[PDB]
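Engineer: Contents are compact mmCIF, N, CA, C and O atoms and all ligand atoms; file name final34.txt:
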```txt
# COMPACT_ATOMS: atom_id res chain seq x y z
N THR T 8 3.39 2.43 15.46
CA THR T 8 2.97 3.82 15.41
C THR T 8 3.45 4.60 16.63
O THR T 8 2.87 4.49 17.71
N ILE T 9 4.51 5.37 16.44
CA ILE T 9 5.06 6.24 17.48
C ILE T 9 5.19 7.64 16.90
O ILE T 9 5.67 7.80 15.77
N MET T 10 4.75 8.64 17.65
CA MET T 10 4.75 10.02 17.18
C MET T 10 5.95 10.77 17.74
O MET T 10 6.35 10.58 18.89
N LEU T 11 6.52 11.63 16.89
CA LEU T 11 7.51 12.62 17.29
C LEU T 11 7.01 13.99 16.87
O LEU T 11 6.49 14.17 15.77
N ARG T 12 7.17 14.97 17.76
CA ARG T 12 6.58 16.28 17.58
C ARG T 12 7.66 17.35 17.50
O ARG T 12 8.74 17.21 18.07
N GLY T 13 7.36 18.42 16.77
CA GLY T 13 8.22 19.58 16.71
C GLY T 13 9.08 19.72 15.47
O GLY T 13 9.97 20.57 15.46
N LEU T 14 8.85 18.92 14.44
CA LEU T 14 9.63 19.04 13.22
C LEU T 14 9.36 20.39 12.56
O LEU T 14 8.20 20.79 12.44
N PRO T 15 10.40 21.11 12.14
CA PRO T 15 10.19 22.46 11.61
C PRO T 15 9.38 22.46 10.32
O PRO T 15 9.11 21.43 9.71
N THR T 16 9.00 23.67 9.90
CA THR T 16 8.10 23.88 8.78
C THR T 16 8.82 23.89 7.43
O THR T 16 8.29 24.44 6.46
N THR T 17 10.02 23.31 7.36
CA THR T 17 10.71 23.17 6.08
C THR T 17 11.39 21.82 5.96
O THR T 17 12.26 21.65 5.10
N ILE T 18 11.02 20.85 6.79
CA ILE T 18 11.69 19.56 6.84
C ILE T 18 10.98 18.59 5.91
O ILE T 18 9.76 18.44 5.97
N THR T 19 11.75 17.94 5.04
CA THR T 19 11.22 16.93 4.16
C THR T 19 11.08 15.60 4.90
O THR T 19 11.77 15.34 5.89
N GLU T 20 10.19 14.75 4.39
CA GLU T 20 10.05 13.41 4.94
C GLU T 20 11.35 12.63 4.84
O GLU T 20 11.59 11.71 5.64
N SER T 21 12.21 12.99 3.88
CA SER T 21 13.52 12.37 3.79
C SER T 21 14.45 12.88 4.88
O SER T 21 15.28 12.13 5.40
N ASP T 22 14.32 14.16 5.23
CA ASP T 22 15.25 14.76 6.19
C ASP T 22 15.25 14.02 7.52
O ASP T 22 16.29 13.94 8.18
N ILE T 23 14.11 13.46 7.91
CA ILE T 23 14.09 12.64 9.12
C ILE T 23 14.62 11.24 8.83
O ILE T 23 15.26 10.63 9.69
N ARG T 24 14.40 10.72 7.63
CA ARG T 24 14.87 9.39 7.27
C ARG T 24 16.29 9.39 6.72
O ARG T 24 16.83 8.31 6.44
N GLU T 25 16.91 10.56 6.56
CA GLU T 25 18.32 10.59 6.18
C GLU T 25 19.23 10.20 7.33
O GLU T 25 20.35 9.74 7.09
N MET T 26 18.79 10.38 8.57
CA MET T 26 19.57 9.99 9.73
C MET T 26 18.90 8.90 10.55
O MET T 26 19.43 8.51 11.59
N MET T 27 17.75 8.39 10.10
CA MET T 27 17.03 7.34 10.81
C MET T 27 17.18 5.98 10.12
O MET T 27 16.30 5.12 10.24
N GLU T 28 18.27 5.78 9.39
CA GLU T 28 18.67 4.46 8.93
C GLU T 28 19.70 3.83 9.84
O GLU T 28 20.23 2.76 9.52
N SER T 29 20.01 4.47 10.96
CA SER T 29 21.13 4.07 11.80
C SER T 29 20.78 3.86 13.27
O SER T 29 21.63 3.35 14.01
N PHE T 30 19.58 4.23 13.72
CA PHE T 30 19.23 4.03 15.12
C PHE T 30 18.99 2.55 15.41
O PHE T 30 18.93 1.71 14.51
N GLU T 31 18.86 2.25 16.70
CA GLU T 31 18.76 0.87 17.16
C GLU T 31 17.45 0.23 16.69
O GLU T 31 16.54 0.90 16.19
N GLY T 32 17.38 -1.08 16.86
CA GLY T 32 16.21 -1.84 16.47
C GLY T 32 16.21 -2.17 15.00
O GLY T 32 16.80 -1.46 14.18
N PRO T 33 15.56 -3.28 14.63
CA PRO T 33 15.48 -3.65 13.21
C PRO T 33 14.72 -2.61 12.40
O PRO T 33 13.92 -1.83 12.91
N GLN T 34 15.01 -2.60 11.10
CA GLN T 34 14.60 -1.51 10.23
C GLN T 34 13.07 -1.45 10.11
O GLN T 34 12.42 -2.50 10.05
N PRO T 35 12.49 -0.25 10.07
CA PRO T 35 11.02 -0.13 10.09
C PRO T 35 10.36 -0.47 8.76
O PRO T 35 11.01 -0.94 7.82
N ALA T 36 9.05 -0.23 8.69
CA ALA T 36 8.25 -0.47 7.49
C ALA T 36 7.75 0.80 6.83
O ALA T 36 7.87 0.95 5.61
N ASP T 37 7.19 1.73 7.60
CA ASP T 37 6.58 2.92 7.03
C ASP T 37 6.81 4.12 7.95
O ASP T 37 6.78 3.98 9.17
N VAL T 38 7.03 5.28 7.35
CA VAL T 38 7.15 6.54 8.06
C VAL T 38 6.21 7.53 7.39
O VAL T 38 6.16 7.61 6.16
N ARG T 39 5.45 8.29 8.19
CA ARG T 39 4.50 9.25 7.65
C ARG T 39 4.68 10.58 8.38
O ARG T 39 4.28 10.71 9.54
N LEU T 40 5.25 11.56 7.69
CA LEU T 40 5.24 12.93 8.20
C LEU T 40 3.91 13.56 7.84
O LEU T 40 3.56 13.66 6.66
N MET T 41 3.16 13.99 8.85
CA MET T 41 1.78 14.40 8.63
C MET T 41 1.71 15.65 7.78
O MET T 41 2.40 16.64 8.04
N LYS T 42 0.88 15.60 6.74
CA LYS T 42 0.71 16.70 5.81
C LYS T 42 -0.59 17.44 6.11
O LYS T 42 -1.28 17.18 7.09
N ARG T 43 -0.91 18.40 5.24
CA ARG T 43 -2.05 19.28 5.44
C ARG T 43 -2.73 19.49 4.10
O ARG T 43 -2.45 18.79 3.12
N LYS T 44 -3.65 20.46 4.05
CA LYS T 44 -4.37 20.73 2.82
C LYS T 44 -3.56 21.59 1.86
O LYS T 44 -3.61 21.38 0.64
N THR T 45 -2.81 22.56 2.38
CA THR T 45 -2.02 23.44 1.53
C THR T 45 -0.69 22.80 1.11
O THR T 45 -0.03 23.32 0.21
N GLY T 46 -0.31 21.69 1.73
CA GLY T 46 0.94 21.04 1.44
C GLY T 46 2.05 21.30 2.44
O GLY T 46 3.22 21.32 2.04
N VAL T 47 1.72 21.50 3.71
CA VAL T 47 2.71 21.76 4.75
C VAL T 47 2.64 20.64 5.78
O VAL T 47 1.66 19.89 5.87
N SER T 48 3.70 20.53 6.57
CA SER T 48 3.80 19.54 7.64
C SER T 48 3.75 20.27 8.97
O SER T 48 4.59 21.14 9.24
N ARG T 49 2.77 19.92 9.80
CA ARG T 49 2.51 20.64 11.05
C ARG T 49 3.07 19.86 12.23
O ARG T 49 2.34 19.22 12.99
N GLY T 50 4.39 19.89 12.38
CA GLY T 50 5.04 19.60 13.65
C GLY T 50 5.10 18.16 14.13
O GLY T 50 6.00 17.83 14.91
N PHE T 51 4.18 17.30 13.70
CA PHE T 51 4.14 15.93 14.18
C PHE T 51 4.39 14.96 13.04
O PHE T 51 4.16 15.27 11.86
N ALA T 52 4.86 13.76 13.39
CA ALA T 52 5.13 12.72 12.41
C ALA T 52 5.04 11.36 13.08
O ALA T 52 5.58 11.15 14.17
N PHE T 53 4.37 10.43 12.40
CA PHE T 53 4.14 9.08 12.90
C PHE T 53 5.11 8.10 12.25
O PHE T 53 5.57 8.30 11.12
N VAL T 54 5.41 7.03 12.98
CA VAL T 54 6.26 5.95 12.48
C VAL T 54 5.54 4.63 12.70
O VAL T 54 5.25 4.26 13.85
N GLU T 55 5.24 3.93 11.61
CA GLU T 55 4.70 2.58 11.69
C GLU T 55 5.86 1.59 11.78
O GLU T 55 7.04 1.96 11.76
N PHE T 56 5.54 0.30 11.88
CA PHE T 56 6.57 -0.71 12.08
C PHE T 56 6.17 -2.01 11.40
O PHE T 56 4.99 -2.28 11.16
N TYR T 57 7.19 -2.81 11.09
CA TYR T 57 6.94 -4.19 10.67
C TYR T 57 6.56 -5.06 11.86
O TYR T 57 5.57 -5.80 11.81
N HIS T 58 7.33 -4.97 12.94
CA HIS T 58 7.15 -5.79 14.13
C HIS T 58 6.94 -4.90 15.35
O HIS T 58 7.11 -3.68 15.29
N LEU T 59 6.59 -5.53 16.47
CA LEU T 59 6.42 -4.82 17.73
C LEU T 59 7.65 -4.87 18.61
O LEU T 59 7.85 -3.95 19.41
N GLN T 60 8.48 -5.90 18.49
CA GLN T 60 9.75 -5.91 19.21
C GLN T 60 10.63 -4.76 18.74
O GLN T 60 11.33 -4.13 19.55
N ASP T 61 10.62 -4.48 17.44
CA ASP T 61 11.47 -3.42 16.90
C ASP T 61 11.05 -2.06 17.46
O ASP T 61 11.91 -1.26 17.85
N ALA T 62 9.75 -1.78 17.51
CA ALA T 62 9.29 -0.52 18.08
C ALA T 62 9.59 -0.43 19.57
O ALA T 62 9.95 0.63 20.08
N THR T 63 9.42 -1.55 20.28
CA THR T 63 9.72 -1.57 21.71
C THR T 63 11.19 -1.24 21.95
O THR T 63 11.52 -0.41 22.79
N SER T 64 12.08 -1.86 21.17
CA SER T 64 13.50 -1.57 21.29
C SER T 64 13.82 -0.15 20.83
O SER T 64 14.78 0.46 21.33
N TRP T 65 13.05 0.39 19.88
CA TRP T 65 13.27 1.76 19.44
C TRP T 65 12.98 2.75 20.56
O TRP T 65 13.76 3.68 20.80
N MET T 66 11.86 2.58 21.26
CA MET T 66 11.57 3.47 22.37
C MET T 66 12.36 3.11 23.62
O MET T 66 12.43 3.92 24.55
N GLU T 67 12.95 1.92 23.65
CA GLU T 67 13.67 1.45 24.83
C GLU T 67 14.86 2.34 25.16
O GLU T 67 14.88 3.02 26.20
N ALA T 68 15.86 2.36 24.28
CA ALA T 68 17.19 2.87 24.62
C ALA T 68 17.40 4.33 24.29
O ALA T 68 18.23 4.99 24.94
N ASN T 69 16.69 4.88 23.30
CA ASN T 69 16.92 6.24 22.84
C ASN T 69 15.60 6.99 22.71
O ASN T 69 15.32 7.63 21.69
N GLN T 70 14.77 6.92 23.75
CA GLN T 70 13.58 7.76 23.81
C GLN T 70 13.98 9.23 23.79
O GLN T 70 13.62 9.98 22.88
N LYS T 71 14.72 9.66 24.81
CA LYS T 71 15.28 11.01 24.84
C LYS T 71 16.68 11.04 24.24
O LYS T 71 17.62 11.59 24.81
N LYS T 72 16.84 10.42 23.06
CA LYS T 72 18.09 10.50 22.30
C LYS T 72 17.74 10.61 20.81
O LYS T 72 17.76 9.62 20.08
N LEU T 73 17.43 11.83 20.37
CA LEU T 73 17.35 12.18 18.96
C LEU T 73 17.29 13.69 18.85
O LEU T 73 16.33 14.31 19.31
N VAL T 74 18.30 14.31 18.23
CA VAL T 74 18.41 15.76 18.17
C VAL T 74 18.51 16.18 16.71
O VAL T 74 19.35 15.68 15.97
N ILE T 75 17.64 17.11 16.31
CA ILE T 75 17.72 17.78 15.02
C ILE T 75 17.25 19.22 15.23
O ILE T 75 16.31 19.47 15.98
N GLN T 76 17.94 20.16 14.58
CA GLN T 76 17.66 21.59 14.73
C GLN T 76 17.88 22.05 16.17
O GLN T 76 17.23 22.99 16.64
N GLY T 77 18.78 21.38 16.88
CA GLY T 77 19.16 21.80 18.21
C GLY T 77 18.11 21.60 19.28
O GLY T 77 18.20 22.21 20.35
N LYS T 78 17.10 20.77 19.02
CA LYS T 78 16.04 20.53 19.98
C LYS T 78 15.77 19.03 20.08
O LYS T 78 15.63 18.35 19.05
N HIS T 79 15.71 18.52 21.31
CA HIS T 79 15.31 17.14 21.53
C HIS T 79 13.81 16.97 21.27
O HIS T 79 13.02 17.90 21.43
N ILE T 80 13.44 15.77 20.85
CA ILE T 80 12.05 15.46 20.53
C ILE T 80 11.70 14.11 21.14
O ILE T 80 12.51 13.18 21.13
N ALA T 81 10.50 14.02 21.69
CA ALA T 81 10.05 12.78 22.31
C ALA T 81 9.52 11.82 21.26
O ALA T 81 9.09 12.21 20.17
N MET T 82 9.55 10.53 21.60
CA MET T 82 9.07 9.45 20.73
C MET T 82 8.05 8.67 21.54
O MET T 82 8.41 7.79 22.32
N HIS T 83 6.76 8.97 21.34
CA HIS T 83 5.72 8.54 22.26
C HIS T 83 4.71 7.63 21.57
O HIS T 83 4.52 7.69 20.36
N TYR T 84 4.06 6.79 22.38
CA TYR T 84 3.06 5.85 21.88
C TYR T 84 1.92 6.58 21.16
O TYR T 84 1.75 7.79 21.28
N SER T 85 1.14 5.80 20.41
CA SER T 85 -0.02 6.31 19.68
C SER T 85 -1.21 5.41 19.97
O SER T 85 -1.29 4.30 19.44
N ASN T 86 -2.13 5.89 20.81
CA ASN T 86 -3.37 5.20 21.10
C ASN T 86 -4.54 6.08 20.68
O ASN T 86 -4.54 7.28 20.97
N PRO T 87 -5.54 5.53 19.99
CA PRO T 87 -6.62 6.37 19.45
C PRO T 87 -7.41 7.05 20.56
O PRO T 87 -7.62 6.48 21.64
N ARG T 88 -7.86 8.27 20.28
CA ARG T 88 -8.68 9.06 21.20
C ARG T 88 -10.01 9.35 20.50
O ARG T 88 -10.12 10.34 19.77
N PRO T 89 -11.03 8.52 20.72
CA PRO T 89 -12.27 8.65 19.93
C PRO T 89 -13.32 9.55 20.54
O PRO T 89 -13.10 10.23 21.55
N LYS T 90 -14.49 9.55 19.91
CA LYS T 90 -15.68 10.29 20.31
C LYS T 90 -16.79 9.29 20.60
O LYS T 90 -16.57 8.08 20.66
N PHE T 91 -18.01 9.81 20.81
CA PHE T 91 -19.13 8.96 21.16
C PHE T 91 -19.40 7.90 20.09
O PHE T 91 -19.33 6.70 20.36
N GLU T 92 -19.72 8.34 18.87
CA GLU T 92 -20.14 7.42 17.81
C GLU T 92 -18.98 7.10 16.87
O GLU T 92 -18.92 7.58 15.73
N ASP T 93 -18.06 6.26 17.35
CA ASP T 93 -16.93 5.81 16.56
C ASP T 93 -16.89 4.28 16.51
O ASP T 93 -17.12 3.62 17.53
N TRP T 94 -16.57 3.74 15.34
CA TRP T 94 -16.58 2.31 15.06
C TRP T 94 -15.16 1.75 15.05
O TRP T 94 -14.20 2.43 15.41
N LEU T 95 -15.03 0.49 14.64
CA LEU T 95 -13.74 -0.19 14.60
C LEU T 95 -13.64 -1.01 13.32
O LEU T 95 -14.64 -1.31 12.66
N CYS T 96 -12.41 -1.39 12.98
CA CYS T 96 -12.10 -2.19 11.80
C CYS T 96 -11.69 -3.60 12.22
O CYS T 96 -10.94 -3.78 13.17
N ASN T 97 -12.19 -4.59 11.48
CA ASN T 97 -12.01 -5.99 11.84
C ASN T 97 -10.79 -6.63 11.19
O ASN T 97 -10.51 -7.81 11.46
N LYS T 98 -10.06 -5.91 10.34
CA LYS T 98 -8.84 -6.43 9.73
C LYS T 98 -7.59 -5.66 10.10
O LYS T 98 -6.49 -6.20 9.93
N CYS T 99 -7.71 -4.43 10.59
CA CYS T 99 -6.57 -3.66 11.04
C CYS T 99 -6.63 -3.26 12.50
O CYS T 99 -5.58 -3.01 13.10
N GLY T 100 -7.82 -3.20 13.09
CA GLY T 100 -7.95 -2.69 14.45
C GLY T 100 -7.58 -1.24 14.59
O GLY T 100 -7.05 -0.84 15.63
N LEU T 101 -7.85 -0.43 13.56
CA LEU T 101 -7.52 0.99 13.56
C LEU T 101 -8.79 1.80 13.71
O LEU T 101 -9.77 1.59 12.98
N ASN T 102 -8.79 2.73 14.66
CA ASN T 102 -9.95 3.57 14.92
C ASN T 102 -9.99 4.73 13.94
O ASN T 102 -8.99 5.45 13.78
N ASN T 103 -11.13 4.92 13.29
CA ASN T 103 -11.32 5.98 12.31
C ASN T 103 -12.67 6.66 12.56
O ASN T 103 -13.42 6.30 13.47
N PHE T 104 -12.97 7.66 11.72
CA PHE T 104 -14.11 8.54 11.93
C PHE T 104 -15.42 7.84 11.58
O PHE T 104 -15.45 6.69 11.13
N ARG T 105 -16.53 8.55 11.78
CA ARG T 105 -17.87 8.01 11.60
C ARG T 105 -18.47 8.33 10.23
O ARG T 105 -19.10 7.46 9.62
N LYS T 106 -18.30 9.56 9.74
CA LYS T 106 -18.83 9.94 8.44
C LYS T 106 -17.94 9.47 7.29
O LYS T 106 -18.14 9.92 6.15
N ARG T 107 -16.98 8.59 7.55
CA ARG T 107 -16.15 7.99 6.52
C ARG T 107 -16.23 6.47 6.66
O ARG T 107 -16.19 5.94 7.78
N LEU T 108 -16.33 5.78 5.53
CA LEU T 108 -16.65 4.36 5.50
C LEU T 108 -15.44 3.46 5.36
O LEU T 108 -15.59 2.24 5.36
N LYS T 109 -14.23 4.02 5.25
CA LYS T 109 -13.04 3.23 4.95
C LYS T 109 -11.97 3.46 6.00
O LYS T 109 -11.78 4.59 6.47
N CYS T 110 -11.26 2.39 6.36
CA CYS T 110 -10.17 2.49 7.32
C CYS T 110 -8.94 3.13 6.69
O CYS T 110 -8.82 3.23 5.46
N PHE T 111 -8.02 3.55 7.55
CA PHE T 111 -6.82 4.26 7.12
C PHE T 111 -5.60 3.35 7.03
O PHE T 111 -4.48 3.85 6.89
N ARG T 112 -5.79 2.03 7.12
CA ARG T 112 -4.68 1.08 7.02
C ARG T 112 -4.82 0.15 5.83
O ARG T 112 -3.86 -0.01 5.07
N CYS T 113 -5.98 -0.47 5.64
CA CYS T 113 -6.22 -1.31 4.47
C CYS T 113 -7.36 -0.80 3.61
O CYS T 113 -7.25 -0.80 2.38
N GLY T 114 -8.46 -0.37 4.22
CA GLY T 114 -9.60 0.15 3.47
C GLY T 114 -10.78 -0.80 3.44
O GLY T 114 -11.92 -0.39 3.65
ZN ZN C 201 -8.19 -0.99 9.54
```
Translate the structure of the given file into structure tokens.
Ligand SMILES: [Zn+2]
Structural biologist:
Amino acid sequence: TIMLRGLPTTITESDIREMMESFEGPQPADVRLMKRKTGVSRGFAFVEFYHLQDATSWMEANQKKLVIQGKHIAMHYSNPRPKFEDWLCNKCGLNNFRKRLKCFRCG
């Protein structure tokens, strides 16, 4: 899970994956361009991985090497930022909300 920010308001989830079949590191598992309620993508997008060596090598050599729409974008770690009454999942280790009973990785 690595986030990249600043994707324009007309970019398809494919538009980032049309040129991300060629960067370094072994091929990933899942890519999620964050959506909204009306059906728009607000600037940020997460990348999951099969392995951790692959993500490490991805951020290793080309952190500040990815240009689309004439603007560089950072590729930064993703660590949860919780609140007071937040729980944990015993099969994914993913932090999720309190008024919801299901995790966002397996359920
Ligand atoms: Zn989980």
Engineer: With a distance cut-off of 4.5 Å and only N, CA, C and O atoms, select the neighbouring residues of residue 83 of chain T, excluding the residue or stretch itself and same-chain residues fewer than 5 positions from it, and output the selection as an MDAnalysis selection string.
Structural biologist: chainID T and resid 8:10
Engineer: Find the spatial neighbours of segment 38-54 of chain T, counting only C-alpha atoms, within a cut-off of 10 Å - ignore same-chain residues fewer than 5 positions away - and output them as a list in words.
Structural biologist: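 Once the nearby chain positions are removed, what remains is residues 8, 9, 10, 11, 12, 13, 14, 15, 16, 17, 18, 19, 20, 21, 23, 24, 62, 82, 83, 84 and 85 of chain T.
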Engineer: Hey, which residues sit close to ligand ZN 201 (chain C)? Say within 12 Å, counting only C-alpha atoms and all ligand atoms, and write them as a PDB file with N, CA, C and O atoms, keeping the file's coordinate frame.
Structural biologist:
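Result saved to result.pdb:
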```pdb
ATOM      1  N   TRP T  94     -16.570   3.740  15.340  1.00  0.00           N
ATOM      2  CA  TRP T  94     -16.580   2.310  15.060  1.00  0.00           C
ATOM      3  C   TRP T  94     -15.160   1.750  15.050  1.00  0.00           C
ATOM      4  O   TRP T  94     -14.200   2.430  15.410  1.00  0.00           O
ATOM      5  N   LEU T  95     -15.030   0.490  14.640  1.00  0.00           N
ATOM      6  CA  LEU T  95     -13.740  -0.190  14.600  1.00  0.00           C
ATOM      7  C   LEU T  95     -13.640  -1.010  13.320  1.00  0.00           C
ATOM      8  O   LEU T  95     -14.640  -1.310  12.660  1.00  0.00           O
ATOM      9  N   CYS T  96     -12.410  -1.390  12.980  1.00  0.00           N
ATOM     10  CA  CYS T  96     -12.100  -2.190  11.800  1.00  0.00           C
ATOM     11  C   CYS T  96     -11.690  -3.600  12.220  1.00  0.00           C
ATOM     12  O   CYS T  96     -10.940  -3.780  13.170  1.00  0.00           O
ATOM     13  N   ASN T  97     -12.190  -4.590  11.480  1.00  0.00           N
ATOM     14  CA  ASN T  97     -12.010  -5.990  11.840  1.00  0.00           C
ATOM     15  C   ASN T  97     -10.790  -6.630  11.190  1.00  0.00           C
ATOM     16  O   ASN T  97     -10.510  -7.810  11.460  1.00  0.00           O
ATOM     17  N   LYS T  98     -10.060  -5.910  10.340  1.00  0.00           N
ATOM     18  CA  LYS T  98      -8.840  -6.430   9.730  1.00  0.00           C
ATOM     19  C   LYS T  98      -7.590  -5.660  10.100  1.00  0.00           C
ATOM     20  O   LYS T  98      -6.490  -6.200   9.930  1.00  0.00           O
ATOM     21  N   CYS T  99      -7.710  -4.430  10.590  1.00  0.00           N
ATOM     22  CA  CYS T  99      -6.570  -3.660  11.040  1.00  0.00           C
ATOM     23  C   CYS T  99      -6.630  -3.260  12.500  1.00  0.00           C
ATOM     24  O   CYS T  99      -5.580  -3.010  13.100  1.00  0.00           O
ATOM     25  N   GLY T 100      -7.820  -3.200  13.090  1.00  0.00           N
ATOM     26  CA  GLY T 100      -7.950  -2.690  14.450  1.00  0.00           C
ATOM     27  C   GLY T 100      -7.580  -1.240  14.590  1.00  0.00           C
ATOM     28  O   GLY T 100      -7.050  -0.840  15.630  1.00  0.00           O
ATOM     29  N   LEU T 101      -7.850  -0.430  13.560  1.00  0.00           N
ATOM     30  CA  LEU T 101      -7.520   0.990  13.560  1.00  0.00           C
ATOM     31  C   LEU T 101      -8.790   1.800  13.710  1.00  0.00           C
ATOM     32  O   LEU T 101      -9.770   1.590  12.980  1.00  0.00           O
ATOM     33  N   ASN T 102      -8.790   2.730  14.660  1.00  0.00           N
ATOM     34  CA  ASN T 102      -9.950   3.570  14.920  1.00  0.00           C
ATOM     35  C   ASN T 102      -9.990   4.730  13.940  1.00  0.00           C
ATOM     36  O   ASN T 102      -8.990   5.450  13.780  1.00  0.00           O
ATOM     37  N   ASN T 103     -11.130   4.920  13.290  1.00  0.00           N
ATOM     38  CA  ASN T 103     -11.320   5.980  12.310  1.00  0.00           C
ATOM     39  C   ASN T 103     -12.670   6.660  12.560  1.00  0.00           C
ATOM     40  O   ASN T 103     -13.420   6.300  13.470  1.00  0.00           O
ATOM     41  N   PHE T 104     -12.970   7.660  11.720  1.00  0.00           N
ATOM     42  CA  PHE T 104     -14.110   8.540  11.930  1.00  0.00           C
ATOM     43  C   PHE T 104     -15.420   7.840  11.580  1.00  0.00           C
ATOM     44  O   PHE T 104     -15.450   6.690  11.130  1.00  0.00           O
ATOM     45  N   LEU T 108     -16.330   5.780   5.530  1.00  0.00           N
ATOM     46  CA  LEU T 108     -16.650   4.360   5.500  1.00  0.00           C
ATOM     47  C   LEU T 108     -15.440   3.460   5.360  1.00  0.00           C
ATOM     48  O   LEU T 108     -15.590   2.240   5.360  1.00  0.00           O
ATOM     49  N   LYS T 109     -14.230   4.020   5.250  1.00  0.00           N
ATOM     50  CA  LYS T 109     -13.040   3.230   4.950  1.00  0.00           C
ATOM     51  C   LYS T 109     -11.970   3.460   6.000  1.00  0.00           C
ATOM     52  O   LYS T 109     -11.780   4.590   6.470  1.00  0.00           O
ATOM     53  N   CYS T 110     -11.260   2.390   6.360  1.00  0.00           N
ATOM     54  CA  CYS T 110     -10.170   2.490   7.320  1.00  0.00           C
ATOM     55  C   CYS T 110      -8.940   3.130   6.690  1.00  0.00           C
ATOM     56  O   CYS T 110      -8.820   3.230   5.460  1.00  0.00           O
ATOM     57  N   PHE T 111      -8.020   3.550   7.550  1.00  0.00           N
ATOM     58  CA  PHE T 111      -6.820   4.260   7.120  1.00  0.00           C
ATOM     59  C   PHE T 111      -5.600   3.350   7.030  1.00  0.00           C
ATOM     60  O   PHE T 111      -4.480   3.850   6.890  1.00  0.00           O
ATOM     61  N   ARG T 112      -5.790   2.030   7.120  1.00  0.00           N
ATOM     62  CA  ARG T 112      -4.680   1.080   7.020  1.00  0.00           C
ATOM     63  C   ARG T 112      -4.820   0.150   5.830  1.00  0.00           C
ATOM     64  O   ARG T 112      -3.860  -0.010   5.070  1.00  0.00           O
ATOM     65  N   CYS T 113      -5.980  -0.470   5.640  1.00  0.00           N
ATOM     66  CA  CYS T 113      -6.220  -1.310   4.470  1.00  0.00           C
ATOM     67  C   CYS T 113      -7.360  -0.800   3.610  1.00  0.00           C
ATOM     68  O   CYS T 113      -7.250  -0.800   2.380  1.00  0.00           O
ATOM     69  N   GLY T 114      -8.460  -0.370   4.220  1.00  0.00           N
ATOM     70  CA  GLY T 114      -9.600   0.150   3.470  1.00  0.00           C
ATOM     71  C   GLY T 114     -10.780  -0.800   3.440  1.00  0.00           C
ATOM     72  O   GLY T 114     -11.920  -0.390   3.650  1.00  0.00           O
TER      73      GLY T 114
END
```
Engineer: Atom CA of residue 37 of chain T to atom N of residue 56 of chain T: how many Å, to one decimal?
Structural biologist: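 Pair atom CA of residue 37 of chain T / atom N of residue 56 of chain T returns 5.6 Å.
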Engineer: Figure out the distance between atom CA of residue 29 of chain T and atom CA of residue 61 of chain T, please, to one decimal in Å.
Structural biologist: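 Atom CA of residue 29 of chain T lies 13.2 Å from atom CA of residue 61 of chain T.
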Engineer: Run DSSP on the backbone and grab whatever in chain T lands in strand (DSSP E or B); send it over as a PyMOL selection string.
Structural biologist: chain T and resi 9-14+38-40+50-54+74-75+78-79+82-84
Engineer: What is the distance between atom O of residue 73 of chain T and atom N of residue 87 of chain T, in Å to one decimal?
Structural biologist: 23.6 Å
Engineer: Could you check the closest approach to residue 66 of chain T for each of T:90, T:105, T:26, T:31 and tell me which residue wins, using only C-alpha atoms?
Structural biologist: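 Closest to residue 66 of chain T, using only C-alpha atoms: T:31.
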Engineer: Could you give me, as number ranges by chain, each residue of chain T that DSSP assigns to helix (DSSP H, G or I) when run on this structure's backbone?
Structural biologist: T: 20-24, 59-68
Engineer: Using the file's own x, y and z axes, so that the box edges lie along x, y and z, what centre and edge lengths in Å (one decimal) does a box around every listed atom of segment 13-29 of chain T get when 4 Å is added on each side? Give it as lines of an AutoDock Vina configuration file.
Structural biologist:
```
center_x = 14.5
center_y = 13.6
center_z = 10.3
size_x = 22.3
size_y = 29.7
size_z = 21.0
```
Engineer: Select segment 11-20 of chain T in the preceding structure and write N, CA and C atoms to a file as a PDB file, in the first residue's frame.
Structural biologist:
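The result, written out as result09.pdb:
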```pdb
ATOM      1  N   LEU T  11      -0.108   7.655  -4.134  1.00  0.00           N
ATOM      2  CA  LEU T  11       0.319   8.730  -5.015  1.00  0.00           C
ATOM      3  C   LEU T  11      -0.806   9.751  -5.115  1.00  0.00           C
ATOM      4  N   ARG T  12      -0.447  11.028  -5.050  1.00  0.00           N
ATOM      5  CA  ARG T  12      -1.419  12.103  -4.948  1.00  0.00           C
ATOM      6  C   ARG T  12      -1.333  13.023  -6.157  1.00  0.00           C
ATOM      7  N   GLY T  13      -2.464  13.632  -6.499  1.00  0.00           N
ATOM      8  CA  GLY T  13      -2.511  14.646  -7.531  1.00  0.00           C
ATOM      9  C   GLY T  13      -3.030  14.209  -8.882  1.00  0.00           C
ATOM     10  N   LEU T  14      -3.604  13.018  -8.989  1.00  0.00           N
ATOM     11  CA  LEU T  14      -4.144  12.569 -10.269  1.00  0.00           C
ATOM     12  C   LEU T  14      -5.318  13.454 -10.672  1.00  0.00           C
ATOM     13  N   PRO T  15      -5.373  13.918 -11.919  1.00  0.00           N
ATOM     14  CA  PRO T  15      -6.418  14.867 -12.320  1.00  0.00           C
ATOM     15  C   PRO T  15      -7.809  14.256 -12.252  1.00  0.00           C
ATOM     16  N   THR T  16      -8.805  15.128 -12.415  1.00  0.00           N
ATOM     17  CA  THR T  16     -10.206  14.780 -12.240  1.00  0.00           C
ATOM     18  C   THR T  16     -10.832  14.178 -13.491  1.00  0.00           C
ATOM     19  N   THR T  17     -10.019  13.651 -14.408  1.00  0.00           N
ATOM     20  CA  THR T  17     -10.553  12.944 -15.567  1.00  0.00           C
ATOM     21  C   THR T  17      -9.737  11.697 -15.885  1.00  0.00           C
ATOM     22  N   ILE T  18      -8.932  11.223 -14.944  1.00  0.00           N
ATOM     23  CA  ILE T  18      -8.019  10.113 -15.183  1.00  0.00           C
ATOM     24  C   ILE T  18      -8.703   8.809 -14.800  1.00  0.00           C
ATOM     25  N   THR T  19      -8.681   7.845 -15.715  1.00  0.00           N
ATOM     26  CA  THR T  19      -9.222   6.525 -15.445  1.00  0.00           C
ATOM     27  C   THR T  19      -8.214   5.689 -14.664  1.00  0.00           C
ATOM     28  N   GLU T  20      -8.734   4.686 -13.952  1.00  0.00           N
ATOM     29  CA  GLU T  20      -7.861   3.753 -13.250  1.00  0.00           C
ATOM     30  C   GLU T  20      -6.928   3.037 -14.216  1.00  0.00           C
TER      31      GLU T  20
END
```
